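Shown here: entry02.cif, mmCIF, C-alpha atoms and all ligand atoms.
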```cif
data_work
#
loop_
_atom_site.group_PDB
_atom_site.id
_atom_site.type_symbol
_atom_site.label_atom_id
_atom_site.label_comp_id
_atom_site.auth_asym_id
_atom_site.auth_seq_id
_atom_site.Cartn_x
_atom_site.Cartn_y
_atom_site.Cartn_z
ATOM 1 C CA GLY A 21 112.659 173.556 85.135
ATOM 2 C CA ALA A 22 108.887 173.900 85.129
ATOM 3 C CA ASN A 23 108.700 176.023 81.968
ATOM 4 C CA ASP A 24 111.835 174.871 80.137
ATOM 5 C CA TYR A 25 109.905 173.853 77.047
ATOM 6 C CA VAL A 26 112.029 174.159 73.914
ATOM 7 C CA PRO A 27 110.899 174.431 70.271
ATOM 8 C CA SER A 28 111.529 171.791 67.624
ATOM 9 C CA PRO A 29 110.696 172.319 63.925
ATOM 10 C CA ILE A 30 108.178 170.230 62.018
ATOM 11 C CA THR A 31 109.393 169.477 58.488
ATOM 12 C CA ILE A 32 108.065 167.934 55.262
ATOM 13 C CA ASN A 33 110.217 166.748 52.380
ATOM 14 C CA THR A 34 110.164 167.871 48.748
ATOM 15 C CA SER A 35 111.871 164.580 47.849
ATOM 16 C CA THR A 36 108.626 162.651 48.435
ATOM 17 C CA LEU A 37 106.742 164.433 45.645
ATOM 18 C CA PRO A 38 105.960 161.817 42.972
ATOM 19 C CA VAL A 39 107.256 162.512 39.491
ATOM 20 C CA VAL A 40 105.051 165.169 37.885
ATOM 21 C CA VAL A 41 103.759 164.201 34.439
ATOM 22 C CA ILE A 42 101.456 166.651 32.649
ATOM 23 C CA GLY A 43 99.626 165.441 29.565
ATOM 24 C CA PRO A 44 97.810 167.326 26.807
ATOM 25 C CA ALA A 45 94.510 167.370 28.719
ATOM 26 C CA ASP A 46 95.895 169.313 31.700
ATOM 27 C CA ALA A 47 98.811 171.064 29.984
ATOM 28 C CA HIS A 48 98.949 174.852 30.331
ATOM 29 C CA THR A 49 95.944 174.866 32.693
ATOM 30 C CA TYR A 50 96.617 176.846 35.866
ATOM 31 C CA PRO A 51 96.410 176.595 38.803
ATOM 32 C CA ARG A 52 96.492 172.841 39.393
ATOM 33 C CA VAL A 53 97.645 170.635 42.245
ATOM 34 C CA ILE A 54 100.442 168.447 40.892
ATOM 35 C CA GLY A 55 101.073 166.172 43.853
ATOM 36 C CA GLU A 56 101.067 165.727 47.600
ATOM 37 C CA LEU A 57 104.123 165.306 49.768
ATOM 38 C CA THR A 58 104.222 162.509 52.322
ATOM 39 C CA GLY A 59 102.526 163.907 55.406
ATOM 40 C CA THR A 60 104.718 164.258 58.482
ATOM 41 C CA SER A 61 104.249 164.622 62.224
ATOM 42 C CA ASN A 62 106.229 165.726 65.272
ATOM 43 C CA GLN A 63 105.035 164.911 68.790
ATOM 44 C CA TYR A 64 107.587 167.269 70.332
ATOM 45 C CA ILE A 65 107.234 170.644 68.611
ATOM 46 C CA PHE A 66 107.330 172.000 72.166
ATOM 47 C CA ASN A 67 108.756 169.778 74.895
ATOM 48 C CA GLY A 68 111.092 169.829 77.857
ATOM 49 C CA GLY A 69 109.489 171.622 80.777
ATOM 50 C CA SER A 70 109.064 169.554 83.923
ATOM 51 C CA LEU A 71 105.609 170.961 84.778
ATOM 52 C CA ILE A 72 102.733 169.773 82.599
ATOM 53 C CA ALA A 73 100.657 172.480 80.955
ATOM 54 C CA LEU A 74 97.455 173.048 79.016
ATOM 55 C CA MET A 75 98.737 174.192 75.633
ATOM 56 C CA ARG A 76 97.655 175.127 72.128
ATOM 57 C CA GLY A 77 99.387 176.024 68.897
ATOM 58 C CA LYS A 78 98.718 178.981 66.600
ATOM 59 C CA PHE A 79 100.070 178.753 63.058
ATOM 60 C CA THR A 80 100.991 181.797 60.969
ATOM 61 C CA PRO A 81 102.020 181.289 57.311
ATOM 62 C CA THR A 82 104.805 183.615 56.190
ATOM 63 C CA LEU A 83 105.125 183.112 52.418
ATOM 64 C CA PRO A 84 103.327 185.435 49.975
ATOM 65 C CA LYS A 85 99.856 184.231 48.991
ATOM 66 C CA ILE A 86 98.803 184.842 45.390
ATOM 67 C CA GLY A 87 95.406 183.132 45.036
ATOM 68 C CA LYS A 88 93.139 180.401 46.301
ATOM 69 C CA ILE A 89 92.453 176.855 45.125
ATOM 70 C CA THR A 90 89.844 174.281 46.137
ATOM 71 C CA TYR A 91 91.306 170.920 47.133
ATOM 72 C CA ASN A 92 90.583 167.768 49.136
ATOM 73 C CA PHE A 93 93.686 166.195 50.664
ATOM 74 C CA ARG A 94 93.909 162.457 50.077
ATOM 75 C CA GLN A 95 95.660 162.163 53.457
ATOM 76 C CA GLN A 100 84.956 167.551 51.813
ATOM 77 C CA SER A 101 86.888 170.039 49.676
ATOM 78 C CA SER A 102 88.074 173.355 51.112
ATOM 79 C CA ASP A 103 89.691 176.568 49.927
ATOM 80 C CA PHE A 104 93.461 176.858 50.396
ATOM 81 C CA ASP A 105 95.721 179.879 50.014
ATOM 82 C CA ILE A 106 98.311 179.273 47.286
ATOM 83 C CA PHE A 107 101.712 180.313 48.642
ATOM 84 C CA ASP A 108 104.529 181.446 46.361
ATOM 85 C CA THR A 109 107.658 179.322 46.787
ATOM 86 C CA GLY A 110 109.869 181.768 44.895
ATOM 87 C CA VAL A 111 110.470 179.095 42.245
ATOM 88 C CA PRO A 112 108.835 180.294 38.990
ATOM 89 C CA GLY A 113 105.744 178.232 38.247
ATOM 90 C CA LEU A 114 105.443 176.565 41.663
ATOM 91 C CA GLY A 115 103.111 177.243 44.564
ATOM 92 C CA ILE A 116 102.186 175.234 47.638
ATOM 93 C CA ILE A 117 99.085 174.733 49.758
ATOM 94 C CA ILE A 118 99.230 173.758 53.417
ATOM 95 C CA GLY A 119 97.124 171.831 55.874
ATOM 96 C CA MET A 120 97.921 171.110 59.502
ATOM 97 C CA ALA A 121 96.332 169.145 62.325
ATOM 98 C CA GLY A 122 96.800 168.197 65.933
ATOM 99 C CA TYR A 123 99.219 165.379 66.604
ATOM 100 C CA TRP A 124 96.448 163.080 67.858
ATOM 101 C CA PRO A 125 94.824 161.090 65.031
ATOM 102 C CA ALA A 126 91.209 162.091 65.741
ATOM 103 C CA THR A 127 91.857 165.818 65.224
ATOM 104 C CA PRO A 128 90.791 167.385 61.907
ATOM 105 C CA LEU A 129 92.950 168.685 59.098
ATOM 106 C CA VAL A 130 92.911 172.489 59.135
ATOM 107 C CA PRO A 131 93.248 174.174 55.701
ATOM 108 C CA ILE A 132 95.599 177.153 55.695
ATOM 109 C CA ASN A 133 93.362 179.853 54.193
ATOM 110 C CA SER A 134 93.610 182.763 56.676
ATOM 111 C CA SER A 135 96.268 185.014 58.195
ATOM 112 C CA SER A 136 96.600 182.763 61.272
ATOM 113 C CA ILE A 137 94.694 179.868 62.820
ATOM 114 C CA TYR A 138 94.789 177.554 65.819
ATOM 115 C CA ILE A 139 95.694 174.135 64.451
ATOM 116 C CA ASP A 140 94.966 172.327 67.743
ATOM 117 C CA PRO A 141 92.540 172.416 69.475
ATOM 118 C CA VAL A 142 90.431 173.879 66.662
ATOM 119 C CA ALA A 143 87.935 174.846 69.371
ATOM 120 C CA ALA A 144 90.312 177.708 70.223
ATOM 121 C CA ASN A 145 89.337 179.426 66.964
ATOM 122 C CA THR A 146 85.912 180.195 68.471
ATOM 123 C CA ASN A 147 86.771 179.990 72.201
ATOM 124 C CA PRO A 148 89.764 181.967 73.524
ATOM 125 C CA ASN A 149 89.750 179.859 76.724
ATOM 126 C CA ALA A 150 90.154 176.495 74.955
ATOM 127 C CA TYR A 151 93.385 174.524 75.378
ATOM 128 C CA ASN A 152 94.528 170.924 75.063
ATOM 129 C CA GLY A 153 94.426 168.698 78.117
ATOM 130 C CA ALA A 154 97.390 169.084 80.437
ATOM 131 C CA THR A 155 100.471 167.175 79.292
ATOM 132 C CA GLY A 156 104.183 167.535 78.661
ATOM 133 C CA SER A 157 104.362 168.053 74.895
ATOM 134 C CA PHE A 158 102.611 169.851 72.054
ATOM 135 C CA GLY A 159 102.880 168.414 68.551
ATOM 136 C CA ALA A 160 101.255 168.588 65.121
ATOM 137 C CA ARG A 161 100.805 166.960 61.728
ATOM 138 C CA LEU A 162 101.803 168.710 58.500
ATOM 139 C CA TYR A 163 100.372 168.278 54.995
ATOM 140 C CA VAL A 164 101.596 169.982 51.814
ATOM 141 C CA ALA A 165 100.695 169.786 48.129
ATOM 142 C CA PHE A 166 102.542 171.411 45.243
ATOM 143 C CA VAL A 167 100.651 173.607 42.778
ATOM 144 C CA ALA A 168 101.524 174.423 39.183
ATOM 145 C CA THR A 169 100.929 178.192 39.078
ATOM 146 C CA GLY A 170 102.661 178.641 35.720
ATOM 147 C CA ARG A 171 105.246 177.307 33.306
ATOM 148 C CA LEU A 172 107.838 174.940 34.761
ATOM 149 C CA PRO A 173 110.998 173.734 32.980
ATOM 150 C CA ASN A 174 111.272 170.107 31.933
ATOM 151 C CA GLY A 175 113.552 167.805 33.889
ATOM 152 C CA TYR A 176 114.700 168.486 37.439
ATOM 153 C CA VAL A 177 113.540 171.660 39.179
ATOM 154 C CA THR A 178 115.527 172.755 42.226
ATOM 155 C CA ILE A 179 113.366 173.714 45.212
ATOM 156 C CA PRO A 180 115.308 175.428 48.036
ATOM 157 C CA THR A 181 114.440 174.752 51.647
ATOM 158 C CA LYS A 182 111.713 177.224 52.620
ATOM 159 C CA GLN A 183 110.128 178.275 55.906
ATOM 160 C CA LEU A 184 106.355 177.946 55.462
ATOM 161 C CA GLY A 185 105.405 179.619 58.737
ATOM 162 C CA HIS A 186 105.702 179.246 62.482
ATOM 163 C CA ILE A 187 103.692 177.828 65.375
ATOM 164 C CA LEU A 188 103.291 179.919 68.524
ATOM 165 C CA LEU A 189 102.902 178.070 71.817
ATOM 166 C CA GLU A 190 100.119 179.380 74.054
ATOM 167 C CA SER A 191 99.145 178.176 77.514
ATOM 168 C CA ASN A 192 96.815 179.095 80.340
ATOM 169 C CA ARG A 193 99.950 179.205 82.511
ATOM 170 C CA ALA A 194 101.031 182.823 82.065
ATOM 171 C CA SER A 195 104.715 182.173 82.774
ATOM 172 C CA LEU A 196 104.788 179.718 79.856
ATOM 173 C CA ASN A 197 102.525 181.769 77.573
ATOM 174 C CA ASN A 198 104.674 184.877 78.034
ATOM 175 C CA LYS A 199 107.740 183.109 76.627
ATOM 176 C CA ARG A 200 106.081 183.188 73.174
ATOM 177 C CA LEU A 201 107.980 180.047 72.226
ATOM 178 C CA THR A 202 107.848 179.588 68.461
ATOM 179 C CA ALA A 203 108.714 176.635 66.243
ATOM 180 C CA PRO A 204 109.403 176.764 62.488
ATOM 181 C CA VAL A 205 107.250 174.892 59.971
ATOM 182 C CA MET A 206 109.639 173.890 57.212
ATOM 183 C CA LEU A 207 109.643 172.598 53.639
ATOM 184 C CA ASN A 208 112.911 170.707 53.239
ATOM 185 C CA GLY A 209 114.348 171.403 49.821
ATOM 186 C CA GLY A 210 114.847 168.935 47.038
ATOM 187 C CA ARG A 211 114.314 168.345 43.352
ATOM 188 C CA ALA A 212 110.970 167.934 41.639
ATOM 189 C CA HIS A 213 111.026 165.824 38.469
ATOM 190 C CA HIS A 214 108.713 167.273 35.828
ATOM 191 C CA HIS A 215 107.648 166.156 32.354
ATOM 192 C CA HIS A 216 105.351 168.281 30.183
ATOM 193 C CA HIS A 217 103.851 167.062 26.904
ATOM 194 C CA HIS A 218 101.328 168.314 24.366
HETATM 195 CO CO CO B 301 103.812 173.562 26.831
HETATM 196 CO CO CO B 302 112.110 161.617 33.744
#
```

What do you get writing this file as C-alpha cells?
Amino acid sequence: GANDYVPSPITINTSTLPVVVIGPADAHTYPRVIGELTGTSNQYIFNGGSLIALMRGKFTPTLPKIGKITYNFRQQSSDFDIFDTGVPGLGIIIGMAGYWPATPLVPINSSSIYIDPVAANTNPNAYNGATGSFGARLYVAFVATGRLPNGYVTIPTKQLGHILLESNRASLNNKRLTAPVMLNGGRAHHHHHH
C-alpha cells in the first residue's frame, strides 16, 4: 500500500573498535576519544510503501549527556555531546549523515536535529527529493570519561536514539514511523600503562 513504509534499525558495531592502548602521556587525562568504530549505513531505514514520497529524518539521542568534547571525525572540528553508555569510564559521541555520499556529517550536539536534508534545520518545508526509501549513515567514537579496567570491557548493546520519519504527505507523516539507532554490543580491549 501507498504508505506501508516500515522502519529498519541502523546499527554500528562495538567489535570494530581498535584495541585501546593508553600510554603515560595520555594516561589519566579525561575526556579523550579512544577510537572510532567502522562507520555504517542503511539505505532502507524506512522503506516499503508503494507511493514515492518526499521524506526527511529527525534524530533524537536518548542516552544521558554529561559533557561536550571537540572532535574531527576521520571518516573542521565540532563540539559533540558525550553520551553516557552506563559502562563506568566510557562515553560515546555520535555523528550522522544522509545516505547519499555528498551529504555532510552532522555532529550530535543538540536535543534533536534533522540529519538529512540538513536544510530542514533552518527551513521547515525542506524535504528530500521524492523516492521510495529514506536512509542514513552512522558514525560513533568511544570516549574515555574515566578509569577503565585493564583487559576486556563488556559493552552491552545500547539504543543511541531514534530517527523519526517526516513527509510532506500528511498520511505518511502522521504515522510517526520511528527507527532505532543502535550500538551493537561487544568487548573493548584496553591496556593502560604509566
Ligand atoms: Co593508571
Ligand atoms: Co591485549

Out of A:52, A:170, A:82, A:195, which residue has the shortest atom-to-atom distance to ligand CO 301 (chain B) when counting all atoms listed in the file?
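Of the candidates, the smallest distance to ligand CO 301 (chain B) is held by A:170.
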
Show me a table, sorted first by chain and then by increasing residue number, of the residues of chain A having an atom at most 9 Å from ligand CO 302 (chain B), each with its shortest atom pair and the distance in Å to one decimal, counting only C-alpha atoms and all ligand atoms and written as JSON lines.
```
{"residue": "A:39", "atom": "CA", "partner": "B:CO302", "partner_atom": "CO", "distance": 7.6}
{"residue": "A:40", "atom": "CA", "partner": "B:CO302", "partner_atom": "CO", "distance": 8.9}
{"residue": "A:41", "atom": "CA", "partner": "B:CO302", "partner_atom": "CO", "distance": 8.8}
{"residue": "A:174", "atom": "CA", "partner": "B:CO302", "partner_atom": "CO", "distance": 8.7}
{"residue": "A:175", "atom": "CA", "partner": "B:CO302", "partner_atom": "CO", "distance": 6.4}
{"residue": "A:176", "atom": "CA", "partner": "B:CO302", "partner_atom": "CO", "distance": 8.2}
{"residue": "A:213", "atom": "CA", "partner": "B:CO302", "partner_atom": "CO", "distance": 6.4}
{"residue": "A:214", "atom": "CA", "partner": "B:CO302", "partner_atom": "CO", "distance": 6.9}
{"residue": "A:215", "atom": "CA", "partner": "B:CO302", "partner_atom": "CO", "distance": 6.5}
```

Go through range 100-127 of chain A residue by residue and, counting only C-alpha atoms, keep those with an atom at most 10 Å from range 57-75 of chain A; for each kept residue give the shortest atom pair and its distance in Å to one decimal, ordered by chain and increasing number, as CSV.
```
residue,atom,partner,partner_atom,distance
A:119,CA,A:59,CA,9.6
A:120,CA,A:61,CA,9.5
A:121,CA,A:61,CA,9.1
A:122,CA,A:61,CA,9.1
A:123,CA,A:63,CA,6.2
A:124,CA,A:63,CA,8.8
```

Please extract the residues at most 8 Å from ligand CO 301 (chain B), counting all atoms listed in the file, and provide them as a JSON list (two decimals) with C-alpha atoms, keeping the file's coordinate frame, using the chain letters and residue numbers of this document.
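result-v5.json written:
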```
[["chain", "number", "residue", "atom", "x", "y", "z"],
["A", 47, "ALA", "CA", 98.81, 171.06, 29.98],
["A", 48, "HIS", "CA", 98.95, 174.85, 30.33],
["A", 171, "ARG", "CA", 105.25, 177.31, 33.31],
["A", 216, "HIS", "CA", 105.35, 168.28, 30.18],
["A", 217, "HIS", "CA", 103.85, 167.06, 26.90],
["A", 218, "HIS", "CA", 101.33, 168.31, 24.37]]
```

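The gap separating CA of residue 131 in chain A from CA of residue 105 in chain A is 8.4 Å, in Å to one decimal.
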
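Closest approach to residue 178 in chain A among A:111, A:42, A:206, A:165: A:111, based on all atoms listed in the file.
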
On this file, the PyMOL selection byres (((chain A and resi 129) around 10) and not hetatm) gives some set of residues; write that set as an NGL selection string.
:A and (93 or 95 or 118-122 or 125-128 or 130-132 or 139-140 or 142 or 161-163)

Could you tell me how far CA of residue 177 in chain A lies from CA of residue 109 in chain A, in Å and to one decimal?
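Answer for the CA of residue 177 in chain A to CA of residue 109 in chain A separation: 12.3 Å.
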